[PDB]
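One structure is given below, encoded as C-alpha cells.
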Amino acid sequence: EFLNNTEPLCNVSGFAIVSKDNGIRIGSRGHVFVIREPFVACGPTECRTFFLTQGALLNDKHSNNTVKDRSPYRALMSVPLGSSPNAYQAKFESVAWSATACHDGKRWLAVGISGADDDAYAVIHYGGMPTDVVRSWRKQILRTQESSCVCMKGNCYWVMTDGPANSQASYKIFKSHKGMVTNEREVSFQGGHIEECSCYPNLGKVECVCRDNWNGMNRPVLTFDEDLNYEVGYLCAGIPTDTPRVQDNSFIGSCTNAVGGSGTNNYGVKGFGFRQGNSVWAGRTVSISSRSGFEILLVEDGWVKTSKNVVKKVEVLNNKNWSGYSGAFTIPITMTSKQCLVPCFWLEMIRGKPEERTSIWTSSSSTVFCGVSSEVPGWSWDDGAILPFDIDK
Amino acid sequence: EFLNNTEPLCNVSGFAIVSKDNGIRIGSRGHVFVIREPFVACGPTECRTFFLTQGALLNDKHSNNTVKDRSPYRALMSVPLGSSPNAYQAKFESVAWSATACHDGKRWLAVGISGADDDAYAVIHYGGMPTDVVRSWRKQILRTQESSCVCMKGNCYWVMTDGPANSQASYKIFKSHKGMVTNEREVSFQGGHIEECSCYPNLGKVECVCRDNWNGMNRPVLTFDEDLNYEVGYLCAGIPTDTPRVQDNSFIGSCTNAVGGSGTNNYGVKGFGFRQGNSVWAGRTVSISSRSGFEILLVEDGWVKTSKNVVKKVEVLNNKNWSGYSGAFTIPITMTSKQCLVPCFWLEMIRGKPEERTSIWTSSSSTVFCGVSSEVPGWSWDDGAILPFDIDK
Amino acid sequence: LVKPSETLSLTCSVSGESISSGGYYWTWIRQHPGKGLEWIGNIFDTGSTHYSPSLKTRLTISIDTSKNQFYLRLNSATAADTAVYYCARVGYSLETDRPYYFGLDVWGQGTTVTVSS
Amino acid sequence: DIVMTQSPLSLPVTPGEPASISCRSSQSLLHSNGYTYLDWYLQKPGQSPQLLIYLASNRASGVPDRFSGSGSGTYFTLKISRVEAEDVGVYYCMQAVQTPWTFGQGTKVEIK
Ligand SMILES: *[C@@H]1O[C@H](CO)[C@@H](O[C@@H]2O[C@H](CO)[C@@H](O[C@@H]3O[C@H](CO)[C@@H](O)[C@H](O)[C@@H]3O)[C@H](O)[C@H]2NC(C)=O)[C@H](O)[C@H]1NC(C)=O
Ligand SMILES: *[C@@H]1O[C@H](CO)[C@@H](O[C@@H]2O[C@H](CO)[C@@H](O[C@@H]3O[C@H](CO)[C@@H](O)[C@H](O)[C@@H]3O)[C@H](O)[C@H]2NC(C)=O)[C@H](O)[C@H]1NC(C)=O
Ligand SMILES: *[C@@H]1O[C@H](CO)[C@@H](O)[C@H](O)[C@H]1NC(C)=O
Ligand SMILES: *[C@@H]1O[C@H](CO)[C@@H](O)[C@H](O)[C@H]1NC(C)=O
Ligand SMILES: [Ca+2]
Ligand SMILES: [Ca+2]
C-alpha cells in the first residue's frame, strides 16, 4: 500500500550521526566509484545512498578530468545506507547527470536527466524501467533537485529548472503517479532564482529550501500541496546561510525580496532548512567565502520574523575540512513507529582538483545525521583521506 | 503462472536510453569479464543482461587472443540490468559459445551450444539444471539466435541454424515446454540465408528480423505461430539495413527476392526491426561498409511496400564510434501494467583487436533503450574507453 | 565615415528577445578587409565588461536596457581600424556547478566603417 | 593570447566526397572546469559568420546533420561527411578559454 506522509514534522533538539561512507579512504585500494554529489532517500524497509557515478574507479586512469560534471557516462547508482559506493554492491538505477529518487510505498521512482546541453530530456524510471519522458522547454540545461523527491498519498513531487544559471530561469513543479506524469505548473518567481531545492513533507504541505544563484545571499522558500497551489518567498532569517555571504552583523534580511551583497551575487551552494514551528534548523558552511566547515543553527522565529537570536549551534566539521552540498530527507512512520516524521540531513565532503590542485580526480564522501529529541554535542567527523593518491603521482 | 504474451506490440514514437554498462571503462581496474556479444531478456520481476564470457578478466594475461570466438572456456553468465559484468555479481547460467535465454513466467530457460566444430550439440537448461539435448543434423557449426527467445502461453520458441556460413544452410524452428523440446519444423527457404534472428512476440505471432550472409543486403523475415506454421520473406523496405550495402539512392529492394550488391554478398551484422502497423523501426549502422555509428529509421510502409520515405530518424552513436550487434526484446505486461508490450532494443559496442590492431583482447559494452510514446531526441552515448590498457603495453 | 583621429561610435539593437533576458553576453567582433576575425569585448546584462588588451585603452562599451540597445565607442580611430563591425550574442557561464557555453549563436548584419578623409 | 593556426589555407573539394579541416592551438584548450572551449564558424560569400560546432564535438541547432567534430588538447578537427554545393565558404576556428578570444587564419573551401 502507498506510503502516507500527511503527518507533522518532529520537533528535535540535536542531530546525532547515523552513518559515514569512508568512500575515499577505503577507495585507496578498494574498487570504489568516483562520485560528485550523493544523496539519501528512505523507503519503508531501508534507506539507500544514491549517487551519480562518473563511470570510473578511484586510482583508475579513467578518472582523468572528472571535474567535467556532464558527460554521457554518468549514471545514478544505489547502495544501502552506510556501505561505501563500491563497484560490486551498487545497484544500477538510471542514466543521468542530474537525478532525484524517492520511494512511494510500492517501488522506487527515479528521474534521470541525460542528453546534450541544449536538448536534454528526463527519463522517469519506476521499478526498473522507463515509463515517461519530459523534454526541455527553454532548451538550456535541464535540472532536477539533487536530493530525494517527496511522495504523499502515492503522488511524488519534484522541482525542475531550465534556463540560464546567473539569470532568471523558468521553474516548474511536477507531480507523478505510478511513474508517469500527471500535472505541471510553472513558478512565476520574477525576483529570484530557484535551482537545487531540498524538499521534505510537512503535514500535507511539501516545503523546499533552495539555492539562490542570482543576486541572493538568502535561501528561497517554496511551499506547495496536493494540487500544486504554491507560495514563493525567502527564508526570513536574519542570519544568511548561502556560502558567499557577508558576516552576520552586516546582514539585514527580508522575507520577500532578494538580498545581494559584495561579490556574493553569482554563486551559491545547495543547502537545507527544517521548520520547527516558527524557528528553523538552518544549515550553513562555517566559512563565509568557501565550502569548508559546517554548522546547524536553530534560529528562533527565523522562518517568519527576520530574527537573529541563535538558540542552539552544532558543528559537525571544523573550519579546516572541505565540505559541500547538503540536503534533507525524512524517515517515515513505517520505519519508526512514531506518529510523526523524523527529520534528517546529509552532508558531502568534496576532495579533488577544485581546491586541491595537484590531484587529477574529484570525489566526495557522504555523512548522515538524524534528529534526536535529546540534546546532542558535535564533533569534527571529517573525511580523513590522505592525498595525493597513487594515480596522482 | 505462465507469462502471457498474446498482446499487441505498442506503438512508439522515440527511444529513450535505459541503462549503460560502462563495462570496459570500469574494467580498467575492476574485475570484469571479457565479453564478445551480450543481450537482454526480461522476466516478470527484473530484466537481466546475459553475456558469453570468454573465461578471463580484462587486463589478465589470459585475455591473449580472445578474438577466437569458439573455445572450451566460454560460458553464458547473467547480471541484473545495468550492472557491469563484474566477476562477483555474475550468476552462472550455462556453458556455451552460442546461447539464448528467456523467462517463461516460472523460471529462466537457457540454451547453450558447446562442443567441437563439426559435432556440436545444445544443452537446454531450465531452472538451473539440464533437461534435454539437441544434436546437430548437418554436422557443421550449430547456432542459436544470439538474443532472447520468445515465450507465449508457456511455450518458448527459438531459431537454430546448421550448415555453411557463405552458402545455403539448413534452418529449423524449435518449440519447448518446461525445458524439454516438443516440436520442430524446418524452414524451406531456398533463396536466402537466416543466421542470427532477433525475435519478439506480436499478438500471438512470433516475428523475427534476421541476418543475411549470402547474396543479401536485406533483412530476412520469419513469422510463425503456436503450431509452427511459418511465412518467410524479406523486409520490403527500400532502405537497405545490413552493414555492407550500397547507398540508399542506388538500392531498389524486394519483398521476396534477395538483393545482392557490389562486394556486399558474403558479410553482414545482426540487427533488428519492430513492425508498427505497416511501418518499421529498422535499425542500422551509420556507415555503409563498417560497424560504426547507429541509427533508428521509421520507414513508412517499409514492411510491405518497398517505400523509402523516412518519417523519423534518431542517432545514438555518431559515426566515429565503433558499434556491433543489435537485438530486440519486449517488457511484458506484468512489469508495466500496460495492456500492450513495450518494445526495446540493445546495442553493443565492440573494442579490441578486430579494428584496433594494437590491443591483444576484444570486449564489448552494452547499451539499452526502450520505446516511449513521446518523441525523444538522440545523442552519442559512446563507450568512452581509453585504449591501450595496461596489459597491451 | 570617420576621419582619422576622431572617435568612432556604433549602435546595435535587440528585438524578439529583451536585454536582461536569457543572461547573454553581448559581443563586438571585427573583420579587416581580406583578414580573419578579431574579438573586441563583452558586456553582461548587468554591466560587467571585458576588453581585448590591445584595445582596452581606446574602448568603451555600455548598455541601455530601456532602449534594448548596446553601444561601442572607440577613441582615436586610426586608418587601420577600417573593418566590418558585427554585434553578436553568446550565452555562457563559468561560476555555477553546471557550466554551459553556446558560442555566438546569433549575428547581426555587418556595418562597414572606413576611417579616411 | 592563444596563437591559432589552421592547416589548409585553401582546400579543394568536390560534391559528394568527404572533406577534412584541422586546427592547432599554442596551448591546450582544456579549461580547469573540464570543458574544452573551441568552436567552428562558417562564413559564406556576402554574409556574416554562422555557428557550426560550439564545443569540441557538439553540433549547434539547425546545422545540417553532415558535420562532425573531434579532438582534444591542442589538436582538433572538423569533418564533412558529404560535401554539398552549399558548403562553399571560409571556415574559422575559435577558442573561448582565455579572456581575449582569438580566431583562426581561415580555411577557404573551393569546389573543383
Ligand atoms: C590525464 O592525466 C595524465 C596523467 O595521468 C596527464 O598526462 C600528461 O599529459 C601531458 C599533456 O597534457 C603530457 O605533457 C606532454 O609531455 C611531453 C613530455 O613527456 C612533452 O612533449 C610536452 O611538452 C607535454 O608537456 C605529460 O607528459 C603527461 N604525463 C604527465 C605525467 O604529466 C594528462 O595531462 C591528463 N589530461 C588528459 C587530458 O589526458
Ligand atoms: C600473447 O600476448 C603476449 C603479450 O602479452 C605476446 O607475447 C609475445 O610473443 C611473441 C611470440 O609470439 C614474442 O616474440 C618473440 O620474442 C623473442 C624476443 O623476446 C624472439 O626470440 C622472437 O623473435 C620473437 O619475436 C614476444 O617477445 C612476446 N612478448 C611481447 C611483449 O611481444 C604473444 O605474442 C601473444 N600471443 C600468444 C599466442 O601468446
Ligand atoms: C493513510 O492515511 C489515511 C487517512 O488518514 C488512513 O486512513 C490510512 O490508514 C493511512 N495508511 C497508512 C498505511 O498509514
Ligand atoms: C492470459 O491470457 C488468458 C487468455 O486471454 C487470460 O484468461 C489470462 O487471465 C491471462 N493471464 C495473465 C496472467 O494475464
Ligand atoms: Ca547565492
Ligand atoms: Ca548481408
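How things are named: the first chain in the C-alpha cells is A, the next is B, and so on; residues count from 1 in each chain; ligands count from 1 in the order shown.
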
#### Entry: Contact residues (chain A, partner chain D, 9 Å, only C-alpha atoms) as a PyMOL selection string
chain A and resi 65-69+116-118+353-354

Find the residues in chain A near chain B: any atom within 10 Å counts, using only C-alpha atoms. Write them as an mmCIF file with N, CA and C atoms, in the first residue's frame.
```cif
data_model
loop_
_atom_site.group_PDB
_atom_site.id
_atom_site.type_symbol
_atom_site.label_atom_id
_atom_site.label_comp_id
_atom_site.auth_asym_id
_atom_site.auth_seq_id
_atom_site.Cartn_x
_atom_site.Cartn_y
_atom_site.Cartn_z
ATOM 1 N N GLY A 30 40.470 -0.320 -2.426
ATOM 2 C CA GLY A 30 39.252 -0.964 -2.858
ATOM 3 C C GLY A 30 38.682 -0.329 -4.111
ATOM 4 N N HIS A 31 37.803 -1.087 -4.760
ATOM 5 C CA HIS A 31 37.178 -0.678 -6.013
ATOM 6 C C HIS A 31 35.945 0.151 -5.681
ATOM 7 N N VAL A 32 36.080 1.468 -5.776
ATOM 8 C CA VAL A 32 35.031 2.400 -5.387
ATOM 9 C C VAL A 32 34.827 3.404 -6.510
ATOM 10 N N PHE A 33 33.571 3.719 -6.799
ATOM 11 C CA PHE A 33 33.278 4.650 -7.873
ATOM 12 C C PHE A 33 33.711 6.064 -7.506
ATOM 13 N N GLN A 54 30.689 8.660 -11.957
ATOM 14 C CA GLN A 54 31.288 9.231 -13.151
ATOM 15 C C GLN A 54 31.824 8.165 -14.092
ATOM 16 N N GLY A 55 31.469 6.903 -13.873
ATOM 17 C CA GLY A 55 31.855 5.855 -14.792
ATOM 18 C C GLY A 55 33.276 5.369 -14.658
ATOM 19 N N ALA A 56 33.949 5.668 -13.551
ATOM 20 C CA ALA A 56 35.327 5.240 -13.372
ATOM 21 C C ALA A 56 35.597 5.015 -11.894
ATOM 22 N N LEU A 57 36.621 4.218 -11.618
ATOM 23 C CA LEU A 57 37.037 3.915 -10.258
ATOM 24 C C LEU A 57 38.188 4.820 -9.833
ATOM 25 N N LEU A 58 38.309 5.006 -8.523
ATOM 26 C CA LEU A 58 39.441 5.742 -7.982
ATOM 27 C C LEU A 58 40.732 5.024 -8.333
ATOM 28 N N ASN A 59 41.789 5.801 -8.556
ATOM 29 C CA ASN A 59 43.103 5.325 -8.972
ATOM 30 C C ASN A 59 43.096 4.784 -10.393
ATOM 31 N N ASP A 60 41.940 4.708 -11.042
ATOM 32 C CA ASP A 60 41.868 4.264 -12.423
ATOM 33 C C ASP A 60 42.247 5.411 -13.352
ATOM 34 N N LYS A 61 42.878 5.068 -14.472
ATOM 35 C CA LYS A 61 43.297 6.105 -15.405
ATOM 36 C C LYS A 61 42.117 6.783 -16.089
ATOM 37 N N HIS A 62 40.908 6.248 -15.946
ATOM 38 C CA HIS A 62 39.721 6.897 -16.481
ATOM 39 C C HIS A 62 39.185 7.979 -15.555
ATOM 40 N N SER A 63 39.825 8.200 -14.409
ATOM 41 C CA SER A 63 39.441 9.285 -13.522
ATOM 42 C C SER A 63 39.999 10.629 -13.972
ATOM 43 N N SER A 71 28.501 14.442 -18.789
ATOM 44 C CA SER A 71 29.073 13.582 -19.812
ATOM 45 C C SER A 71 28.140 12.400 -20.004
ATOM 46 N N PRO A 72 28.231 11.703 -21.138
ATOM 47 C CA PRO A 72 27.314 10.580 -21.379
ATOM 48 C C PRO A 72 27.567 9.370 -20.498
ATOM 49 N N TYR A 73 28.627 9.362 -19.694
ATOM 50 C CA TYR A 73 28.979 8.184 -18.916
ATOM 51 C C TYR A 73 28.377 8.176 -17.520
ATOM 52 N N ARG A 74 27.864 9.303 -17.047
ATOM 53 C CA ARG A 74 27.362 9.365 -15.686
ATOM 54 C C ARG A 74 26.117 8.505 -15.532
ATOM 55 N N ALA A 75 25.978 7.900 -14.355
ATOM 56 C CA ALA A 75 24.825 7.066 -14.063
ATOM 57 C C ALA A 75 24.489 7.170 -12.585
ATOM 58 N N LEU A 76 23.198 7.100 -12.290
ATOM 59 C CA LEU A 76 22.699 7.102 -10.924
ATOM 60 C C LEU A 76 22.669 5.671 -10.402
ATOM 61 N N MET A 77 23.482 5.385 -9.391
ATOM 62 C CA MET A 77 23.515 4.074 -8.755
ATOM 63 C C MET A 77 23.036 4.184 -7.313
ATOM 64 N N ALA A 87 32.092 -1.040 -6.324
ATOM 65 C CA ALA A 87 31.680 -1.422 -7.672
ATOM 66 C C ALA A 87 30.784 -2.655 -7.711
ATOM 67 N N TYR A 88 30.769 -3.467 -6.655
ATOM 68 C CA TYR A 88 30.122 -4.772 -6.693
ATOM 69 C C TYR A 88 28.864 -4.869 -5.848
ATOM 70 N N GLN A 89 28.525 -3.832 -5.088
ATOM 71 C CA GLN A 89 27.266 -3.773 -4.360
ATOM 72 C C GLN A 89 26.301 -2.756 -4.944
ATOM 73 N N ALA A 90 26.751 -1.936 -5.889
ATOM 74 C CA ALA A 90 25.959 -0.816 -6.373
ATOM 75 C C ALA A 90 24.914 -1.312 -7.362
ATOM 76 N N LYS A 91 23.645 -1.141 -7.013
ATOM 77 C CA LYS A 91 22.543 -1.445 -7.909
ATOM 78 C C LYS A 91 22.331 -0.281 -8.866
ATOM 79 N N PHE A 92 22.203 -0.593 -10.150
ATOM 80 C CA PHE A 92 22.017 0.429 -11.166
ATOM 81 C C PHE A 92 20.571 0.909 -11.167
ATOM 82 N N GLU A 93 20.387 2.226 -11.210
ATOM 83 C CA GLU A 93 19.066 2.842 -11.183
ATOM 84 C C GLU A 93 18.682 3.517 -12.488
ATOM 85 N N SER A 94 19.575 4.298 -13.085
ATOM 86 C CA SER A 94 19.253 5.027 -14.305
ATOM 87 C C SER A 94 20.500 5.710 -14.834
ATOM 88 N N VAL A 95 20.412 6.158 -16.080
ATOM 89 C CA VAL A 95 21.444 7.004 -16.667
ATOM 90 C C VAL A 95 21.073 8.458 -16.420
ATOM 91 N N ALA A 96 22.034 9.251 -15.957
ATOM 92 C CA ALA A 96 21.740 10.650 -15.678
ATOM 93 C C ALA A 96 23.025 11.407 -15.376
ATOM 94 N N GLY A 112 16.098 10.590 -14.187
ATOM 95 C CA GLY A 112 17.445 10.754 -14.688
ATOM 96 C C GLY A 112 17.510 11.635 -15.916
ATOM 97 N N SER A 114 19.424 13.303 -19.040
ATOM 98 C CA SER A 114 20.519 12.975 -19.937
ATOM 99 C C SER A 114 20.353 13.801 -21.203
ATOM 100 N N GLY A 115 21.268 13.620 -22.141
ATOM 101 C CA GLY A 115 21.197 14.284 -23.427
ATOM 102 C C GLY A 115 22.237 15.383 -23.556
ATOM 103 N N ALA A 116 22.148 16.094 -24.674
ATOM 104 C CA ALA A 116 23.066 17.191 -24.932
ATOM 105 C C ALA A 116 22.706 18.404 -24.078
ATOM 106 N N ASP A 119 19.632 20.199 -25.598
ATOM 107 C CA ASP A 119 18.480 19.378 -25.959
ATOM 108 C C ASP A 119 18.275 18.251 -24.956
ATOM 109 N N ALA A 120 18.475 18.533 -23.674
ATOM 110 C CA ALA A 120 18.369 17.494 -22.664
ATOM 111 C C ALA A 120 16.919 17.050 -22.485
ATOM 112 N N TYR A 121 16.756 15.853 -21.926
ATOM 113 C CA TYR A 121 15.446 15.329 -21.574
ATOM 114 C C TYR A 121 15.601 14.416 -20.367
ATOM 115 N N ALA A 122 14.489 14.163 -19.688
ATOM 116 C CA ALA A 122 14.472 13.403 -18.449
ATOM 117 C C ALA A 122 13.663 12.128 -18.634
ATOM 118 N N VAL A 123 14.166 11.029 -18.081
ATOM 119 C CA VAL A 123 13.520 9.724 -18.164
ATOM 120 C C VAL A 123 13.112 9.314 -16.760
ATOM 121 N N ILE A 124 11.843 8.971 -16.589
ATOM 122 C CA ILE A 124 11.285 8.692 -15.271
ATOM 123 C C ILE A 124 11.192 7.182 -15.124
ATOM 124 N N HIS A 125 12.166 6.595 -14.446
ATOM 125 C CA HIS A 125 12.088 5.184 -14.127
ATOM 126 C C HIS A 125 11.121 4.944 -12.974
ATOM 127 N N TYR A 126 10.463 3.787 -13.002
ATOM 128 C CA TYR A 126 9.562 3.373 -11.928
ATOM 129 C C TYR A 126 9.629 1.854 -11.828
ATOM 130 N N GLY A 127 10.398 1.359 -10.862
ATOM 131 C CA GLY A 127 10.525 -0.062 -10.635
ATOM 132 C C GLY A 127 11.576 -0.764 -11.468
ATOM 133 N N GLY A 128 12.351 -0.033 -12.270
ATOM 134 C CA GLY A 128 13.434 -0.619 -13.041
ATOM 135 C C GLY A 128 13.399 -0.254 -14.512
ATOM 136 N N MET A 129 12.344 0.438 -14.930
ATOM 137 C CA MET A 129 12.017 0.676 -16.327
ATOM 138 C C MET A 129 11.695 2.146 -16.544
ATOM 139 N N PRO A 130 11.834 2.656 -17.770
ATOM 140 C CA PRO A 130 11.286 3.986 -18.073
ATOM 141 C C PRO A 130 9.791 3.905 -18.341
ATOM 142 N N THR A 131 9.047 4.890 -17.837
ATOM 143 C CA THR A 131 7.619 4.992 -18.100
ATOM 144 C C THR A 131 7.215 6.271 -18.813
ATOM 145 N N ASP A 132 8.013 7.331 -18.714
ATOM 146 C CA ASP A 132 7.642 8.620 -19.278
ATOM 147 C C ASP A 132 8.905 9.422 -19.545
ATOM 148 N N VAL A 133 8.776 10.433 -20.404
ATOM 149 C CA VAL A 133 9.889 11.311 -20.746
ATOM 150 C C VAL A 133 9.396 12.750 -20.737
ATOM 151 N N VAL A 134 10.198 13.643 -20.165
ATOM 152 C CA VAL A 134 9.905 15.067 -20.097
ATOM 153 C C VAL A 134 11.057 15.811 -20.751
ATOM 154 N N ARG A 135 10.757 16.601 -21.773
ATOM 155 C CA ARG A 135 11.790 17.312 -22.510
ATOM 156 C C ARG A 135 11.881 18.762 -22.061
ATOM 157 N N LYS A 178 2.543 6.564 -10.156
ATOM 158 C CA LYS A 178 2.960 5.300 -10.753
ATOM 159 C C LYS A 178 3.802 5.543 -12.002
ATOM 160 N N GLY A 179 4.813 6.377 -11.854
ATOM 161 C CA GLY A 179 5.782 6.598 -12.920
ATOM 162 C C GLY A 179 5.511 7.748 -13.866
#
```

### Task
Residues within 12 Å of ligand 3 should be enumerated using only C-alpha atoms and all ligand atoms and returned as a ChimeraX atom specification.
/A:1-7,44,104-106,152-154,203-204,332-335,337-340

Those same residues, written as a tab-separated table (two decimals), in the first residue's frame with N, CA, C and O atoms?
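Listed below is the output, again01.tsv:
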```tsv
chain	number	residue	atom	x	y	z
A	1	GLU	N	0.85	-1.23	0.00
A	1	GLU	CA	0.00	0.00	0.00
A	1	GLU	C	0.86	1.25	0.00
A	1	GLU	O	1.98	1.25	0.52
A	2	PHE	N	0.34	2.33	-0.57
A	2	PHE	CA	1.13	3.54	-0.74
A	2	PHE	C	1.50	4.15	0.61
A	2	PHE	O	0.80	3.97	1.62
A	3	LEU	N	2.61	4.87	0.62
A	3	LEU	CA	3.21	5.38	1.84
A	3	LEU	C	2.63	6.75	2.17
A	3	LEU	O	2.79	7.70	1.40
A	4	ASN	N	1.96	6.85	3.31
A	4	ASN	CA	1.47	8.14	3.78
A	4	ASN	C	2.62	9.03	4.19
A	4	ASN	O	3.67	8.57	4.65
A	5	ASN	N	2.43	10.34	4.01
A	5	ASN	CA	3.31	11.30	4.66
A	5	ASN	C	2.55	12.54	5.11
A	5	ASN	O	3.16	13.60	5.29
A	6	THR	N	1.24	12.44	5.31
A	6	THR	CA	0.43	13.57	5.77
A	6	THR	C	0.46	13.65	7.30
A	6	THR	O	-0.56	13.60	7.98
A	7	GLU	N	1.67	13.76	7.84
A	7	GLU	CA	1.87	13.83	9.28
A	7	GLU	C	2.94	14.86	9.60
A	7	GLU	O	3.84	15.09	8.78
A	44	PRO	N	10.25	2.21	2.87
A	44	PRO	CA	9.63	1.65	4.08
A	44	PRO	C	10.50	0.63	4.78
A	44	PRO	O	10.33	0.42	5.99
A	104	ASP	N	7.65	5.63	-3.01
A	104	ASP	CA	6.24	5.99	-2.85
A	104	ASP	C	5.45	4.94	-2.08
A	104	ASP	O	4.23	5.09	-1.95
A	105	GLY	N	6.10	3.89	-1.58
A	105	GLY	CA	5.46	2.84	-0.82
A	105	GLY	C	5.43	1.50	-1.53
A	105	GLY	O	5.44	0.46	-0.87
A	106	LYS	N	5.41	1.52	-2.86
A	106	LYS	CA	5.41	0.30	-3.66
A	106	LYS	C	6.77	-0.01	-4.26
A	106	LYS	O	7.30	-1.11	-4.06
A	152	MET	N	3.57	11.77	-1.30
A	152	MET	CA	2.45	11.85	-0.37
A	152	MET	C	1.22	11.24	-1.02
A	152	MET	O	0.87	11.60	-2.15
A	153	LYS	N	0.57	10.32	-0.31
A	153	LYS	CA	-0.66	9.68	-0.79
A	153	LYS	C	-0.45	8.99	-2.14
A	153	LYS	O	-1.40	8.80	-2.90
A	154	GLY	N	0.78	8.60	-2.44
A	154	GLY	CA	1.09	7.91	-3.67
A	154	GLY	C	1.56	8.80	-4.80
A	154	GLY	O	2.03	8.27	-5.82
A	203	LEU	N	3.06	17.72	7.15
A	203	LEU	CA	1.62	17.81	7.41
A	203	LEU	C	0.85	18.15	6.14
A	203	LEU	O	-0.03	19.01	6.13
A	204	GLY	N	1.19	17.47	5.05
A	204	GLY	CA	0.47	17.59	3.81
A	204	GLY	C	0.96	18.69	2.89
A	204	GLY	O	0.47	18.78	1.75
A	332	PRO	N	10.12	7.79	7.45
A	332	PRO	CA	8.66	7.77	7.59
A	332	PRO	C	8.21	6.97	8.81
A	332	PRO	O	9.01	6.42	9.56
A	333	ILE	N	6.89	6.92	8.99
A	333	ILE	CA	6.30	6.22	10.13
A	333	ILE	C	6.56	4.72	10.04
A	333	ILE	O	6.80	4.06	11.05
A	334	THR	N	6.51	4.15	8.83
A	334	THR	CA	6.58	2.70	8.70
A	334	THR	C	7.87	2.14	9.25
A	334	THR	O	7.94	0.95	9.56
A	335	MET	N	8.90	2.98	9.38
A	335	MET	CA	10.21	2.55	9.83
A	335	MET	C	10.55	3.00	11.24
A	335	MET	O	11.57	2.56	11.79
A	337	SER	N	7.69	3.70	13.82
A	337	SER	CA	6.51	3.53	14.67
A	337	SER	C	6.13	4.82	15.39
A	337	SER	O	5.20	4.80	16.21
A	338	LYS	N	6.82	5.92	15.14
A	338	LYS	CA	6.39	7.20	15.67
A	338	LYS	C	5.14	7.68	14.93
A	338	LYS	O	4.82	7.23	13.83
A	339	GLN	N	4.42	8.61	15.57
A	339	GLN	CA	3.31	9.30	14.93
A	339	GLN	C	3.73	10.61	14.29
A	339	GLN	O	2.89	11.50	14.09
A	340	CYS	N	5.01	10.76	13.95
A	340	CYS	CA	5.50	11.95	13.28
A	340	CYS	C	6.76	11.58	12.51
A	340	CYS	O	7.40	10.56	12.79
```

### Query
ligand 6: which residues are within 12 Å, counting only C-alpha atoms and all ligand atoms, as a PyMOL selection string?
chain B and resi 165-167+192-196+210-220+234+240-246+258-271+288-289

#### Entry: residue 191 of chain B environment, 9 Å, only C-alpha atoms, sequence neighbours closer than 6 positions dropped, as number ranges by chain
B: 168, 256-258

Take the residues from that selection and put them in a file with N, CA, C and O atoms, as an mmCIF file, in the first residue's frame.
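Writing done, so here's part.cif:
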```cif
data_model
loop_
_atom_site.group_PDB
_atom_site.id
_atom_site.type_symbol
_atom_site.label_atom_id
_atom_site.label_comp_id
_atom_site.auth_asym_id
_atom_site.auth_seq_id
_atom_site.Cartn_x
_atom_site.Cartn_y
_atom_site.Cartn_z
ATOM 1 N N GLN B 168 23.976 -21.766 -48.724
ATOM 2 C CA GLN B 168 22.671 -22.154 -48.212
ATOM 3 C C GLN B 168 22.819 -23.142 -47.064
ATOM 4 O O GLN B 168 23.432 -24.200 -47.214
ATOM 5 N N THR B 256 10.370 -10.445 -51.700
ATOM 6 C CA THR B 256 10.569 -11.889 -51.715
ATOM 7 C C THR B 256 11.930 -12.329 -52.229
ATOM 8 O O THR B 256 12.366 -13.432 -51.883
ATOM 9 N N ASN B 257 12.603 -11.523 -53.038
ATOM 10 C CA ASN B 257 13.891 -11.892 -53.602
ATOM 11 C C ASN B 257 15.022 -11.295 -52.777
ATOM 12 O O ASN B 257 14.900 -10.201 -52.222
ATOM 13 N N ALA B 258 16.126 -12.027 -52.701
ATOM 14 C CA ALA B 258 17.346 -11.478 -52.136
ATOM 15 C C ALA B 258 17.944 -10.476 -53.113
ATOM 16 O O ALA B 258 17.782 -10.593 -54.329
#
```

As a quick test: using only C-alpha atoms and all ligand atoms, which residues lie no more than 8 Å away from ligand 2? Give them as a tab-separated table (two decimals) with N, CA, C and O atoms, in the first residue's frame.
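Below you can see pocket15.tsv, which holds the result:
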```tsv
chain	number	residue	atom	x	y	z
B	61	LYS	N	46.39	-11.73	-18.28
B	61	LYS	CA	47.17	-12.22	-19.40
B	61	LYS	C	46.46	-13.36	-20.13
B	61	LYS	O	46.84	-13.70	-21.26
B	64	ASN	N	44.89	-12.92	-23.79
B	64	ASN	CA	45.58	-13.21	-25.04
B	64	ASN	C	44.63	-13.83	-26.04
B	64	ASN	O	43.93	-14.80	-25.73
B	65	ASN	N	44.59	-13.28	-27.25
B	65	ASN	CA	43.95	-13.95	-28.37
B	65	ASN	C	42.48	-14.27	-28.09
B	65	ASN	O	41.98	-15.33	-28.45
B	360	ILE	N	45.49	-6.64	-27.53
B	360	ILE	CA	45.51	-8.10	-27.61
B	360	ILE	C	44.17	-8.73	-27.31
B	360	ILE	O	44.00	-9.94	-27.54
B	391	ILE	N	47.64	-3.95	-19.97
B	391	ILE	CA	48.14	-5.25	-20.42
B	391	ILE	C	48.61	-5.22	-21.86
B	391	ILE	O	49.42	-6.06	-22.26
B	392	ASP	N	48.13	-4.27	-22.66
B	392	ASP	CA	48.57	-4.14	-24.04
B	392	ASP	C	49.93	-3.47	-24.17
B	392	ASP	O	50.52	-3.50	-25.25
B	393	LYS	N	50.43	-2.86	-23.10
B	393	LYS	CA	51.72	-2.18	-23.14
B	393	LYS	C	52.85	-3.17	-22.94
B	393	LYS	O	52.83	-3.98	-22.01
```

### Task
Could the residues of chain C within 12 Å of chain A, counting only C-alpha atoms, be given as a list in words, please?
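Those within range of chain A come out as residues 19, 20, 21, 22, 23, 24, 25, 44, 45, 46, 90, 91, 92, 93, 94, 95, 96, 97, 98, 99, 100, 101, 102 and 103 of chain C.
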
### Task
Return the neighbours of chain C among the residues of chain D, cut-off 6 Å, counting only C-alpha atoms, as number ranges by chain.
D: 51, 54, 100-101, 103, 105

Residue contacts of segment 41-48 of chain D (6 Å, only C-alpha atoms) excluding same-chain residues fewer than 5 positions away, as a compact mmCIF listing (two decimals) with C-alpha atoms, in the first residue's frame:
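See around17.txt below for the written result:
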```txt
# COMPACT_ATOMS: atom_id res chain seq x y z
CA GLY D 89 32.91 29.48 -47.74
CA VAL D 90 35.58 30.34 -45.19
CA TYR D 91 35.89 28.27 -42.01
CA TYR D 92 37.21 29.90 -38.82
```

### Query
Quick one: distance from atom 30 (C, counted along the ligand's line) of ligand 1 to atom CA of residue 25 of chain D in Å, one decimal?
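Between these atoms lies a distance of 19.4 Å.
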